[PDB]
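So here's one chain in two forms, each on its own in structure tokens, numbered structure 1 and structure 2.
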Structure 1
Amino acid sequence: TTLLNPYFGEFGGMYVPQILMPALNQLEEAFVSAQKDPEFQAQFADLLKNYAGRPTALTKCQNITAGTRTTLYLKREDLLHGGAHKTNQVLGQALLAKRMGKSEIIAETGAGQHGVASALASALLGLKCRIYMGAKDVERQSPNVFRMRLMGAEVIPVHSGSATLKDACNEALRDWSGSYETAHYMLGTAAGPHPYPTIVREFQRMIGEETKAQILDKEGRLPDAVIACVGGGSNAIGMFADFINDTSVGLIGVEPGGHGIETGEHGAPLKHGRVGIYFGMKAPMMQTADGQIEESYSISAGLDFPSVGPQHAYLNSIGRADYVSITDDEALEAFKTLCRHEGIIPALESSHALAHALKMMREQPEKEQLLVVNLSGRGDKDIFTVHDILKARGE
């Protein structure tokens, strides 16, 4: 029994060991209570404004759309404290943890941005934070490992499986199933068992709410499309939520295409996987013929996950949102282009969304279109990875 619907059509649910059900129910009740609590809402709003820096800017690109009929704005979540959108919902969940009398936090991280967000919120709010991170990601997103540790978080490398986000997810959930009495699992994406996809969306929806107010102010109308990259789905659902009922507004989610869909080395289950049960949810996943979970791949650690949040699977199924993929090389070109022509260094995850928007423009350069890209994070964490690639490439 739940207070809220755990499903989005066929997708979602609470596919966890029985031991964890009371924790999920407790979380859901605490969330419902907090959502109607003016003191909670005021505390959360104050942290977002005065600590995290909201509202974040909406920047019109000045150069990259030259010579086309595309007007492109970037929602600047890269300016949020911590350097990505992850910080928004971490502040809300940290307050819920406190509300439930918990004093410890478990989190998984891939890009290290959710881990940084979790560490910073725990330092601020007096929680003991431990973060699981795949060993491959400890290497390719190393600046975030140093940031997490300086903030007093324990960072636990995960060597099992693919040593990437799914494996950090597995360890976090294993840990929680033994420590839930004292630890809150601060899941960092719009995926996993209910109530997480719902809470994460509700604690990210200020992204789209602000976008709407800002585009109305600057353009006097809604966007033709809003475009966001999709790992587990939090930044995309945060951007999408407030536009769902605005039927004219296109919702475009961008999965990582890795080395190319045809190679099997990607992270695009929504369009190229099939429905399975894993990580507490029924959702599209990359799986073998026998139902073993496949290892994903992407140049970007934040997108390197073989599943996707169930609300995205649902929005796709009914045709309300469209999902596409962008390869590693397309993402890199978009990264370079934004650095050199707009003076913004984007996260490689966010560069997938940008790459798609650039494609929309370039493919149809006389199509009148007003687009918003969710610039989910800054690329400081990626600069060594990108440098090394461009040098090996002979640039």
Structure 2
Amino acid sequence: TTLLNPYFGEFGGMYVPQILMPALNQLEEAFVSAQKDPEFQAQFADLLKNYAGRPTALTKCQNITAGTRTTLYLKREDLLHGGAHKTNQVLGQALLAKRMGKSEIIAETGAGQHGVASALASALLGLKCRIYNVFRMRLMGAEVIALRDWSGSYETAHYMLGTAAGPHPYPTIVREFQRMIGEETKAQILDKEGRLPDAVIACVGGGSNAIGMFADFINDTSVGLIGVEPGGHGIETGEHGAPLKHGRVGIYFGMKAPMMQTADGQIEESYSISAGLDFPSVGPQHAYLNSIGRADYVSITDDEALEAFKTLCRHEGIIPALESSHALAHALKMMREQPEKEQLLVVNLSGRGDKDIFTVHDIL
């Protein structure tokens, strides 16, 4: 029994030990309340605006598209506080934790992007953060040492999931706290072009920045939604991170969704030049949008992403994150493969690539 539908078609659910259900149910209830509370919205909007830096700009790239009938716009989440879209949803989740009377945050990160984001939010809102960029986290008071800990401390601590995945209501909450990306993009594009985009493109690691851009356009049937999974060294090599289109449905991390697993049912690892897209699964809403044909998903290899990375630097003076470079790479392909095709595109530049300055250097 829940207030919101835990599923997106056949994907989603709450596949976690019984002991964690009260925490999930409590979270959904608080979220439903916060969403209807004007006071919560005003507080959230205030932080996003005066702290995070929203709205983010929508930049048109005229140099990159020169000679073609493609018009490209980049949603500048790389200009958001922290350098990535992640900040948006961590602020919201941070406020929800306080709304629930909690004073501690529990989180984990691989590269450190989400870890840093949770730490910065926790320092601002006066929350005790424990995490499982290491210096950046410690510099902000975050304690660098998950669900196990939350099992016996969820009464005073909130688990800050970093993507639009995991058990309900996380997929739904992360989307709502990231949807301003799409809402702004729509208002901005209508102001600059007087029409909706032909398609919006975003990389898909966990699915949060992509769903944040997609959300507000889902009801605009004419608008194409394109999710880009990492192809790594190449789909056929097996070393990639594209479970939605090249994985198999399974149950893991509290959800039923496409996953990269062995024939036996053992979850495998996802490879990509960009660590930020290493999630071996994908958000349930994306699996669903794909199943009904509302959203289309493709993959971009490391070489294509790297090329997109170099191209934006020299032609626009913007250094994108290798993750966001996968999205840009597909847009460039759409343009290059059919240069006389008139199309208005928007690529969600989920983050800045200053952190990838060394990674790309060695590869060169």
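Just so we're on the same page, rigid core means the largest C-alpha set that superposes within 1.5 Å between forms. Each residue is numbered by where it sits in the sequence of structure 1, with counting from 1.
Here the two forms are overlaid on the core, and between the two structures the C-alpha of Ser179 is the only one among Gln214, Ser179, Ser317, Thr71 to shift by 2 Å or more. Core-based superposition between the two structures puts the Cα shift at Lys102 at 1.4 Å.
For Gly112, the Cα shift between the two structures is 2.2 Å when the rigid core is held fixed in the overlay.
After superposition on the rigid core, the Cα atom of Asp242 is displaced by 0.3 Å between the two structures.
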